[PDB]
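Undergrad: Here's a sequence, model it:
(3 chains, ligands or ions: 2)
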Amino acid sequence: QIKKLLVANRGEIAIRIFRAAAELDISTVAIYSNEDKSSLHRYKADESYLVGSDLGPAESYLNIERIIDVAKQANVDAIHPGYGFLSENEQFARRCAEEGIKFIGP
Amino acid sequence: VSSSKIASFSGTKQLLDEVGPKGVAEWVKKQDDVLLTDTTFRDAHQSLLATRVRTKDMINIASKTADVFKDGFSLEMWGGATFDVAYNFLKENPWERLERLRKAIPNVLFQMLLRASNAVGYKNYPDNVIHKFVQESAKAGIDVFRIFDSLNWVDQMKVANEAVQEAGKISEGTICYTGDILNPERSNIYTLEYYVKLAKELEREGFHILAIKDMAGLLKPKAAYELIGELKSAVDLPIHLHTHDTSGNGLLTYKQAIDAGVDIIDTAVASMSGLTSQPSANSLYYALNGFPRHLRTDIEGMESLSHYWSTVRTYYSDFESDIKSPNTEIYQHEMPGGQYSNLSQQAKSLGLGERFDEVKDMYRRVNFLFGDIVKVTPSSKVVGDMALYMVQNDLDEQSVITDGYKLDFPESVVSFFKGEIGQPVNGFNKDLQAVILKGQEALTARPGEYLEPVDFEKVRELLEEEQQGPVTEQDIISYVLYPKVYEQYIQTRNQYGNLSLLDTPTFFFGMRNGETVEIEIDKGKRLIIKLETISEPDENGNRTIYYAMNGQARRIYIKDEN
Amino acid sequence: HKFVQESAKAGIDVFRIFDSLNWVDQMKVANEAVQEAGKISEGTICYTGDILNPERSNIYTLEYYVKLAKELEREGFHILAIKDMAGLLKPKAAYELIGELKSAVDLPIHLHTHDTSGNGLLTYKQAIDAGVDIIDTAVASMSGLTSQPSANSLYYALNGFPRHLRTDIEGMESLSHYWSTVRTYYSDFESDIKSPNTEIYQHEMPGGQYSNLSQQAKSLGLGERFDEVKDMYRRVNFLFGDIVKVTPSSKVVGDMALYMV
Ligand SMILES: [Mn+2]
Ligand SMILES: [Mn+2]
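TA: Residues are numbered from 1 along each chain as shown, chains lettered A, B, ... in the order given. Ligands and ions are numbered 1, 2, ... in the order given. I have put the structure below:
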């Protein structure tokens, strides 16, 4: 019963998830930073938002609080953390429960 | 300003909802501070930039605006030329502009200028057209229809008024100012007595607010004091005053009205203000320090809006007028808004450039020859056309009647004397009217009563056949009001997409080799486009643009015209 | 003394003498010169601050301008001049200030403002209610914004009120039509100031400056942050003890402002 999915990540893993999502018939949403304005994954989702127009390099895929805010604004249902950013971050999966967003992991 | 803070504001929109129009009006008369209406999204650019300002420019400040005018009375943001000019030159849906602003700015009344006879269109329409258009208007966010008639003919106002009470929005009824109540020699007709009488009548037709539309900035300082004096005492409607600053005397006029107890004034931010636009709200704000009453607003915010619009104006320098200093001859000829300039882009444009001092004079003379009329749209066009015609044809006041039988008077004037703009205050002179219509009967009744109601249903089937499938009611009255133009809006949209989404500089100039632009299409869907090169034209003049668009090489073919 | 001597011989009848810092002591030399020529000398007070606002200045209060007027009148000026060089003399304040000055000196009063706030006509309208003697105005097409109020608009603004503005509007229009064309020859020299600017009420730059301190700011790195140049301009002025800002005291505050950002 998932309709809107958001990938909290970039690059190949993100493109991989959208592809699955697509095939499950689930709208996707991608996030990017300032320096990924031109990253391929950016263009593979249905929608795409900039995390932290305020924020920096690879501490932009690490901002729990902003990403959850992007997710809520797109009426997101799940977040798939891919691998090696927030994928193992205990705190992140919790603020996801709180907000109604199913964290796709353990 | 965050969309969430805005949600938290409760201004005059909220108040309409709470207490209705009846109730909004009363609340106005309560307040002690001068309430203000902003004209930056409408009259101000209509005067200074040929009404070319585009949706995108307004939506970008929508949210800072909703904050700055949190306590203002309304935002005038639709009506006038905007309807026509959006579809036509700008090639964008006025309705989307309204819709989008409405969501961006949820706390402040939206105001538009309704032409009593034909709304927003360009000819006469049967009444069910007026009604449909007002129905859909009020459905989309307008809360205050300022209804004026171009000859102050109360009768032609009754219908648009009836349409407004039906949607339970605010109905602003409009006297247009002419002549000079300070000066007994100027008119036997347009005298303090006329306005008071004419105000009382309007109150009876049940309008909520009485508005004075000084469309040519003719309303001198003392006269505003006098005029607003008597009005505030002959009627219990709140008074809402609109001048232009074309004499240079606008603030002074407003400062005067304020003392007499005006209720709301129309103003513009500094950088969109001045000359043929409204007075500058910034300026008035400080001007009032030290006197009893004060403007209700956020200057520190306004100075900020001013700065925005200062820059955006730049994007439009191609449509600036050449009016660059105030002009007091406007007191002799009473030409409204642009005309003084416009009429000149016309008189050289057929070789009397060296005799415009004659044309401005004939303008004055033709007015009186028409028995001294109120000169707004389109009545101002009629006078303008006669003036041209008569100078061009070595014509005078007596010889228009002698040689009339063998003169092609312009369609604008034959149409006037035919009853088709409506009925002039003083009636028509019989012998002039005769020489002008060469037989043709005149209407005996507002041009409205004469016409089969439109069949809105034959229109849908016509428009649904032609286009896609989904046609709205806005598509319909848009077609009805502007058939030829609306058809064209639709060719373009099909060809080029939704242009209103572009930024003004790209709308007007395109791209330069090397440049990367971004268009926000929908929420989180945007186009990033880079123009890499344009090649050299080929065997038959077809250049090859090299783009990149979203990580994708792309090639477009365009017809050059050497 | 030489300059005043040749100037008076050459044609010039009225010398409006002003000091960049209202320092009366410094106006003594030019004054004597003029009197010796037997010409007219106006002693000028330059305006700053805001007599309407008691927290704008401990110093430039209404008693401060009266005391000065009286001081100048003692020095034997023929005419008192109010030089409102930044367009700062708000309409209400014009009324009090001219009113107070009239009943505190017998000198006639000659008022000069700039329409850079868009409130100059009001400021005259009011000065006139209070009884000003002479005002500076310009022909319509050479007026407004950082110039003086248009005499033409003023002519009509006074319809209906007690005092008339003594002049020929028919001829004035003719003159204005003239300077329309003529001004067209000078278009490479126009400012960009194309509308009123109320922020003068915070920073106080006299007529030109703001538009010439904005080039400057941009020659340097500062261009993208006149936002600071202006803000500092105010503060430098307070840092320097709250000074009158005309030529050249205004250059001073300008330079220091650039320097500091
Ligand atoms: Mn108007
Ligand atoms: Mn000066």
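Undergrad: hey, where'd the strands end up in the chain?
TA: No chain was given, so I picked chain A. Assigned by DSSP state E, chain A shows strands spanning A:4-7, A:27-32, A:47-50, A:78-80, A:102-103.
Undergrad: right idea, wrong chain: chain B
TA: Assigned by DSSP E, the strands in chain B fall at B:35-38, B:74-79, B:109-115, B:144-148, B:170-176, B:209-213, B:239-242, B:264-267, B:516-522, B:525-534, B:542-549, B:553-559.
Undergrad: so which of those strands comes closest to chain A?
TA: Closest to chain A of those is strand B:525-534 (CB to the nearest CB; 6.0 Å). (C-beta placed from N, C-alpha, C; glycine too.)
Undergrad: Buried ones in the closest one, by neighbour count?
TA: B:526, B:528-531, B:534 (16 or more other CB atoms under 10 Å in any protein chain shown).
Undergrad: Next, format the residues you listed as TSV and append distance to chain C.
TA: Below are the buried residues of strand B:525-534 laid out as TSV (distance: CB to the nearest CB, whole Å):
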residue	distance to chain C
B:526	26
B:528	24
B:529	26
B:530	25
B:531	26
B:534	31
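Undergrad: Of these, which are in range of chain A?
TA: B:526, B:528 (CB under 8 Å from any CB of the partner chain).
Undergrad: Residue 88: neighbour count?
TA: Since no chain was named, I'll use chain A. Using other CB atoms under 10 Å in any protein chain shown, residue A:88 has 12 other residues around it.
Undergrad: Sorry, I should have been clearer: chain B.
TA: With other CB under 10 Å as criterion, residue B:88 counts 17.
Undergrad: Quick one: residues contacting it.
TA: B:482, B:485, B:488-489 (CB atoms under 8 Å, 6 or more residues apart in numbering or on different chains).
Undergrad: if we go to 6 Å?
TA: Contacts for residue B:88 (CB atoms under 6 Å, 6 or more residues apart in numbering or on different chains) come out as residue B:485.
Undergrad: What separation is there between it and residue B:492?
TA: Between residue B:88 and residue B:492 the distance is 10 Å, computed by CB to CB, to the nearest Å.
Undergrad: which residue sits closest to the residue in the stretch 251-400 of chain B that chain C sits nearest to in space, ignoring its chain neighbours?
TA: Nearest residue of the stretch 251-400 of chain B to chain C: residue B:290, at 2.6 Å (CB to the nearest CB). Closest residue to residue B:290 apart from its sequence neighbours, by CB to CB, 6 or more residues apart in numbering or on different chains: residue C:92 at 2.6 Å.
Undergrad: and the gap between that neighbour and residue B:405?
TA: In terms of CB to CB, residue C:92 sits 63 Å off from residue B:405.
Undergrad: got a list of what residue B:130 touches?
TA: So residue B:130 contacts B:119, B:159-160, B:163 (CB under 6 Å, 6+ apart).
Undergrad: Pull the most distant pair out of those residues.
TA: Of all pairs drawn from the contacts of residue B:130, the greatest distance, 10.0 Å, lies between B:119 and B:159 (CB to CB).
Undergrad: neighbour-wise, which of these two wins?
TA: residue B:119 (25 against 20).
Undergrad: isn't that one right up against residue B:132?
TA: No - checked against CB atoms under 6 Å, the pair residue B:119 and residue B:132 is beyond contact range at 9.6 Å.
Undergrad: and residue B:17, how many neighbours does it have?
TA: 11.
Undergrad: What is the neighbour count of residue B:26?
TA: So residue B:26, with other CB under 10 Å, has 14 neighbours.
Undergrad: same thing with the one 4 residues further on?
TA: Neighbours of residue B:30 under the rule other CB under 10 Å: 9.
Undergrad: quick one: it and chain C, what's the gap?
TA: According to CB to the nearest CB, to the nearest Å, residue B:30 and chain C sit 26 Å apart.
Undergrad: where's that residue relative to residue B:493, distance?
TA: 47 Å.
Undergrad: go on, residue B:374?
TA: 38 Å.
Undergrad: Is residue B:478 in contact with residue B:485, as I believe?
TA: No - using CB under 6 Å, residue B:478 is not in contact with residue B:485; the gap is 8.8 Å.
Undergrad: I'd like to know how many residues surround residue 36.
TA: Let's take chain A. So residue A:36, with other CB under 10 Å, has 20 neighbours.
Undergrad: sorry, should have said chain B
TA: 22.
Undergrad: For chain B, give the residue positioned nearest to chain A.
TA: residue B:524 (3.5 Å).
Undergrad: how about stretch B:216-230: buried residues?
TA: B:216-230.
Undergrad: before we move on, what about stretch B:447-462?
TA: B:447-448, B:454, B:459-460.
Undergrad: Do me a favour and get the end-to-end distance for that stretch?
TA: 27 Å (CA to CA, to the nearest Å).
Undergrad: neighbouring contacts of it?
TA: Residues contacting stretch B:447-462 (CB under 6 Å, 6+ apart): B:124, B:126-129, B:420, B:471, B:476, B:480.
Undergrad: ok, of the residues you listed, which one's closest to residue A:59?
TA: Closest approach between those and residue A:59, by CB to CB: residue B:471, at 50.2 Å.
Undergrad: Next, that closest one: phi, psi?
TA: The phi/psi pair for residue B:471 (degrees, to the nearest 10) reads phi -120, psi 130.
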